[PDB]
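1. This one's experimental. Sequence and coordinates below.
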Amino acid sequence: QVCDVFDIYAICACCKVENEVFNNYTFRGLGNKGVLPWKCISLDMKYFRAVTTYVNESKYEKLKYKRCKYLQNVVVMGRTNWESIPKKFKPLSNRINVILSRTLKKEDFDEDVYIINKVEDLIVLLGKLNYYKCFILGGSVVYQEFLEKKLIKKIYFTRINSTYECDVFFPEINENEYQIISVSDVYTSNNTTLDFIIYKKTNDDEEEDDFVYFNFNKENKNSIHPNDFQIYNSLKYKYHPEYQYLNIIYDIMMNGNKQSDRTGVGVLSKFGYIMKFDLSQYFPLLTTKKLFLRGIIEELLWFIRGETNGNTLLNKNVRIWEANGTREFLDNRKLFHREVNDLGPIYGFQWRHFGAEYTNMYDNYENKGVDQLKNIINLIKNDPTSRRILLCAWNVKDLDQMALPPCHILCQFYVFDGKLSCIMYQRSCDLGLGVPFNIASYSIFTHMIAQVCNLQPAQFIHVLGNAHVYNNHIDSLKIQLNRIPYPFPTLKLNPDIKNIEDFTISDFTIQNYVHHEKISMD
Amino acid sequence: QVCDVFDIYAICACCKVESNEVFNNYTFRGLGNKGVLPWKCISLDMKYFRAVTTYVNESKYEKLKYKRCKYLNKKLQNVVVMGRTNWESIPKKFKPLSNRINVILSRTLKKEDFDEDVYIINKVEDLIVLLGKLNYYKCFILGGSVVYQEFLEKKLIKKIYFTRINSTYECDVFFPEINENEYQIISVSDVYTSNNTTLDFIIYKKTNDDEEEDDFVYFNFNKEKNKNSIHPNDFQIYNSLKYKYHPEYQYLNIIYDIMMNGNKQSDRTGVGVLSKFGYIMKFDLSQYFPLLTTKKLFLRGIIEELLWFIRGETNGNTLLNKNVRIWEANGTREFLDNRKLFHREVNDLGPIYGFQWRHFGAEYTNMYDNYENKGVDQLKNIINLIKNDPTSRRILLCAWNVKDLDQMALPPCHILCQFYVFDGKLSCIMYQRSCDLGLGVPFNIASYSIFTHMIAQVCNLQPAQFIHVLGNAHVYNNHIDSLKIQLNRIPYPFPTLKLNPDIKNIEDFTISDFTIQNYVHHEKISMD
Ligand SMILES: NC(=O)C1=CN([C@@H]2O[C@H](COP(=O)(O)OP(=O)(O)OC[C@H]3O[C@@H](n4cnc5c(N)ncnc54)[C@H](OP(=O)(O)O)[C@@H]3O)[C@@H](O)[C@H]2O)C=CC1
Ligand SMILES: NC(=O)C1=CN([C@@H]2O[C@H](COP(=O)(O)OP(=O)(O)OC[C@H]3O[C@@H](n4cnc5c(N)ncnc54)[C@H](OP(=O)(O)O)[C@@H]3O)[C@@H](O)[C@H]2O)C=CC1
Ligand SMILES: CC1(C)N=C(N)N=C(N)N1OCC(=O)Nc1ccc(Cl)cc1
Ligand SMILES: CC1(C)N=C(N)N=C(N)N1OCC(=O)Nc1ccc(Cl)cc1
């Protein structure tokens, strides 16, 4: 077939167009009033250059022998495509420029800028040329025709995670026809998140042996099947940061230790992982399922206030600590003399009054115990190279007084070149229900500390101790692993807020959260 | 020449031989004894030996057929060549060597004196002709000391697949001293345990759908002007190695990442460091004791410090009486005064590790006080949780008592240990807030690895993984030159730690209960 012989790839960038279900079709905005919808997105413009111009001559011979039996790249436009280009660069910095037009003759441009009559008249032009691969730069109509006539092999699709006004749309790529094989890292250019995905059309080596020898010792470990991680295992490149979470699910499903827990439900457990997310480039809110952030933002505001009063949350319908405050739960904890929803000296108490004698959840503790939250802020502002900037919730003395010991042991902060990174160490991690919320919680926290100290957020680093998947979560997580992440949203904090204690729920906005549908983890 | 055409490799296994000791690669030279191998079974070596000498790649032969047929002007199996003593050492049940074309060098023996499917040759020359007239993938020289010596001398070996057996045995025959101009190490395996010995595998080399490979180049359009440009020529050896699979490269490779990508900061003193934030190292304590080999470390001091922790001691005088100076400088009048501890006796280090491990929450008085049944005995508690509730996810030991930080001589570097139990095996995560890669971390790895052994043993479990999480990971700028020397040293197989096994209680350990066996190490380095 033609499209493997000649190497015809599309290359596009689609934004979003003016509750809401998402799918790949979400991204389709191509152009507007003859120009791109967006002002300038220089990373995608840079990606464009690299992909279209790149050449590898050592693999061209293998192309030259197959192509005949039937150096630079070919780039195909349409008139309104060729036109919209600002003058001062045409032809495009050393590529074989080419235009599909009806009312343009090849006379009135160069002899390098080969015009074509119809679509069928391009196969003519290639068999007579010396080029690497063929990139359809597109236009609405150009893409429509080249796709309709199964001419396109791979599709270099840039997903622009922001909404714009559009007069022209990329066609609904048929997912039984084509399918995503690679997803890139997520990036911020020009005040939008984006990523780079790849649709394919469906069907010394001294040291290569040395590799096999070194593997001479390697070991259905768990009852988890091959055919079920199909989409997941059928991607080549999985560089989207959400794969850091998803790959831990995979590792624990594939290689996890079978274990009883206190409940009895059954878990697969491993011990010791890292996740790093770049807060300067995205907000890591998992996209492979709907997540809600009001509760966990209220939880955080509750911590910062020093509250241990489970009821302040329940009245706002944030039920994160409901189970941990019942008579039945406190009694099983031997807390027979503790009022319902008095969670004892937990996070907020420890952050504001570590070392103070806990009484009940209504006492006045002003200026009692160590106000660690205040202390790490001053340190961040006054001593940013300090290696002593820890917020520790694990107070050994008070563990037995807490409804439960802190799942999140400590935050350590690091400062370089006006930038703040944070490590949270988590002793116990429910990968299915908990961890996705936990990533969002401390990322927001990392932003909040960043802002009130006049620093840019850099890296949130999540260290998992006991990392477990509930046996009764495995079906749901199987559905989830075979979803492909969307580009992440962004967090906008109200910039007026300059002390850690002044954030209200209103001061938090999530933007461009494009997500798969909800999953009952049960 | 002749070695590249015919792919003539050597494979051997060498132990240390009967002899304030210095170590080079000539340390590992012992090949056999009284006609046989110096050791009974080392199964993991024997299995490696079989995988390498029987592995062929069907698809790769075609190009080797071409290459070899070109030079002569013209199931798949490997050839294996052995001296007559070598051949006679093999038991009947395993002769001839399975799934391989056996060749034997001999003058005293001819075909008539063998029942078995084997080629006999009396000349090295005759082998090269034999190889010319045969279909094989790779030709491996199984040795005998004499066979090894002459195939080397004749510049015939492309690569030596070399097992370092990190134990000592009576030996009568030795591998030839390899000329380091002739052969350079290009690969070093993971370290392992088999039949009560560590070993690794190193490869010496001689000197003098391709559509989705393009997709890689694309997904890198946005990479590096790489921060601190320190010079290539400096890390020549470190960067030459193709496979760096020795667990010591986990430490070494962090030194490199900090040197090449580290952030420049001036610190607590007004000195100078390079820093990054957030690393993890994993060390399989069932397989080796990860005491670093690219320089000398003594453990006496750090074992004394750990026994001093477990006792709940805060008294620096106890360590100085044992001539352990690890805490001396944090105990001086000058230092306690600069930490505002004006009312603190010299060498009274206040409520640090030991105090927090046995008495967390008790009011610190002075280092002489009897704190019995005051504060939470964390160490006792976690020893009980590991014994009675092994799946508990709360087996943390914590030194970072927020309330007492200002009363300590300095806050703890080593913040906490979380424990994990599966199938009678104990693993340990240790979170380090502040890590001097240069002096501190080598010792810190040694301390918590010994601790995992101690807890594991007194709880009737087997040590599994020690996991080391680094927060602020930094290199002092005056350590840089010393660390360059170190990164160009090739690790040796790790030693082993023996705990006196009669110790059933965490408090009952003493110095003499600790034996490091087979520490093979490079030369002492002053980071200063
Ligand atoms: N999002 C993205 O990735 C990209 C978007 N754009 C945007 O695309 C928009 C323009 O695209 P859309 O309106 O389709 O414009 P096109 O670039 O598809 O141009 C259409 C013209 O191409 C010619 N043509 C198309 N098909 C044929 C054919 N089958 N035979 C002969 N000639 C043919 C005709 O030229 P004639 O006028 O001679 O009839 C036709 O009018 C602009 O807003 C531009 O900014 C451009 C590139 C990429
Ligand atoms: N640790 C390890 O990796 C290895 C250890 N070994 C051990 O080493 C010892 C055996 O080795 P070592 O005694 O050197 O003896 P070899 O196995 O090298 O035997 C040498 C004999 O083979 C013949 N031979 C060698 N070269 C030639 C030649 N060029 N032309 C004709 N014949 C030749 C001669 O046999 P003839 O006497 O018949 O003339 C010679 O006496 C054993 O203990 C064995 O277990 C062996 C291999 C590997
Ligand atoms: C569609 C293409 C090829 N791919 C990506 N990812 N982004 C685009 N903007 N591309 O448009 C085709 C084209 O002709 N682009 C173009 C627009 C403006 C200038 Cl200045 C140069 C090329
Ligand atoms: C030298 C060699 C091949 N390499 C390693 N790494 N370990 C060894 N023991 N080898 O021995 C050569 C040899 O003659 N081996 C041999 C093979 C089978 C038996 Cl049963 C006994 C010895």
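-> Yes, it's here. Residues are numbered from 1 along each chain as shown, chains lettered A, B, ... in the order given. Ligands and ions are numbered 1, 2, ... in the order given.
2. Ramachandran coordinates for the residue in the stretch 351-500 of chain A that ligand 4 sits nearest to?
-> Nearest residue of the stretch 351-500 of chain A to ligand 4: residue A:467, at 38.0 Å (C-beta to the nearest ligand atom). Every residue, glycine included, has its C-beta placed from N, CA and C. The phi and psi values for residue A:467, taken as degrees, to the nearest 10, are phi -110, psi 110.
3. List the contacts of it.
-> A:248, A:252, A:269-273, A:429, A:431 (C-beta atoms under 8 Å, 6 or more residues apart in numbering or on different chains).
4. Please flag which of these sit within strands.
-> A:269-273, A:429 (DSSP state E).
5. quick check, the longest helix anywhere in chain A touching chain B?
-> Ranked by residue count under DSSP state H, the longest helix found in chain A is helix A:434-452. No: Helix A:434-452 lies apart from chain B when judged by C-beta under 8 Å from any C-beta of the partner chain; the minimum separation is 11.8 Å.
6. Need the CA coordinates for that helix. PDB is fine.
-> Presented in PDB, the C-alpha positions along helix A:434-452 are these (Å, rounded to 0.1, in the frame of the first residue of the first chain):
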ATOM      1  CA  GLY A 434      -5.900   7.800  48.100                       C
ATOM      2  CA  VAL A 435      -2.700   8.600  46.200                       C
ATOM      3  CA  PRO A 436      -4.500  10.600  43.400                       C
ATOM      4  CA  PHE A 437      -6.100  12.900  46.000                       C
ATOM      5  CA  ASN A 438      -2.700  13.000  47.900                       C
ATOM      6  CA  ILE A 439      -0.700  14.100  44.800                       C
ATOM      7  CA  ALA A 440      -3.300  17.000  44.300                       C
ATOM      8  CA  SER A 441      -3.300  18.000  48.100                       C
ATOM      9  CA  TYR A 442       0.400  18.500  48.500                       C
ATOM     10  CA  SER A 443       0.800  20.000  44.900                       C
ATOM     11  CA  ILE A 444      -1.800  22.700  46.000                       C
ATOM     12  CA  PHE A 445       0.000  23.000  49.300                       C
ATOM     13  CA  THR A 446       3.300  23.400  47.500                       C
ATOM     14  CA  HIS A 447       1.800  26.300  45.400                       C
ATOM     15  CA  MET A 448       0.300  27.900  48.600                       C
ATOM     16  CA  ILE A 449       3.700  28.000  50.400                       C
ATOM     17  CA  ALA A 450       5.300  29.100  47.200                       C
ATOM     18  CA  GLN A 451       3.000  32.100  46.700                       C
ATOM     19  CA  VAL A 452       3.100  33.500  50.300                       C
END
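7. what packs against that helix?
-> On a contact count with 3 or more C-beta pairs under 8 Å, 6 or more residues apart in numbering or on different chains; DSSP states H and E, helix A:434-452 meets helix A:242-255, strand A:267-278, helix A:294-305, helix A:372-382, strand A:408-416, strand A:419-430, strand A:456-470, strand A:490-493.
8. which of the ones in strands among the contacts of residue A:467 lies closest to ligand 3?
-> Using C-beta to the nearest ligand atom, the ones in strands among the contacts of residue A:467 come closest to ligand 3 at residue A:273, 34.1 Å.
9. Name whatever forms a beta bridge with the closest one.
-> As for beta bridges, residue A:273 partners with residue A:464 under DSSP bridges.
10. what are the phi and psi values for the nearest residue to residue A:176 once chain neighbours are set aside?
-> Counting by C-beta to C-beta, 6 or more residues apart in numbering or on different chains, residue A:176 lies nearest to residue A:202, which is 7.8 Å off, once chain neighbours are set aside. Per-residue torsions, residue A:202: phi -80, psi 150 (degrees, to the nearest 10).
11. Could you check how far residue A:202 is from chain B?
-> Distance, residue A:202 to chain B, using C-beta to the nearest C-beta, to the nearest Å: 14 Å.
12. And residue A:217, by the same measure?
-> 7 Å.
13. contacting residues for that residue?
-> Residue A:217 touches B:44, B:47, B:192, counting by C-beta under 8 Å, 6+ apart.
14. Go ahead and report the secondary structure state at the residue located most distally from the centre of chain A.
-> The centre of chain A is farthest from one residue, residue A:107, which by C-alpha atoms, centre = their mean lies 49.1 Å away. Per DSSP: H, G, I helix; E, B strand; the rest coil, the local secondary structure of residue A:107 is helix.
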